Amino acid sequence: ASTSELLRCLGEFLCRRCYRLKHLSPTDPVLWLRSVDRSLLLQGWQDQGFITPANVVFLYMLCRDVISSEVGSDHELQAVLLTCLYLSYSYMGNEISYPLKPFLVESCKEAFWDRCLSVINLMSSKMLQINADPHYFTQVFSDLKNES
């Protein structure tokens, strides 16, 4: 149930998915996500942290359908992970809006926005279903736990 435990399970899942990344640590995705959440809080964009057990489950639902086994660099993994995180903040976050800056690690902004729209086109139905269908939420939560 712990946020720390589920973030670990997500990290271990990404290291297994992204088999080309020989020097990716399972702590690297956790560092990238914690860093964004901390920054938004200290800059006063949110009153509380976004990263909770339920929101890590939601993020993992996106990651497992979006992130290719064939991701070619740790940078590309961070870019795609932070795109899924931005969409998680946008769909499930308690604030009306979140800035781009902490989620952007690419020089080509156009590629970030194209990826946003691509993930939405793939995932918008499951993004609503994981809310509407508690059985689906439990299935995804169980799958994330079993990634460790």
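Here the rigid core means the biggest group of C-alpha atoms that line up within 1.5 Å when the two forms are laid on top of each other. Sequential numbering from 1, following the sequence displayed.
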{"item": "Of 87-95 and 42-50, which departs more from this form in 6 other deposited structures of this protein by CA RMS after core fitting", "value": "42-50"}
{"item": "Higher-scoring stretch by recorded Cα B factor average, 107-115 or 55-63", "value": "107-115"}
{"item": "95-103 versus 64-72 - greater average Cα B-factor per the deposited record", "value": "95-103"}
{"item": "Peak C-alpha temperature factor (PDB record), options 85, 123, 79, 42", "value": "42"}
{"item": "Ranked against its chain, the third holding the CA B-factor of residue 138", "value": "highest"}
{"item": "Chain-relative CA temperature factor third for residue 48", "value": "highest"}
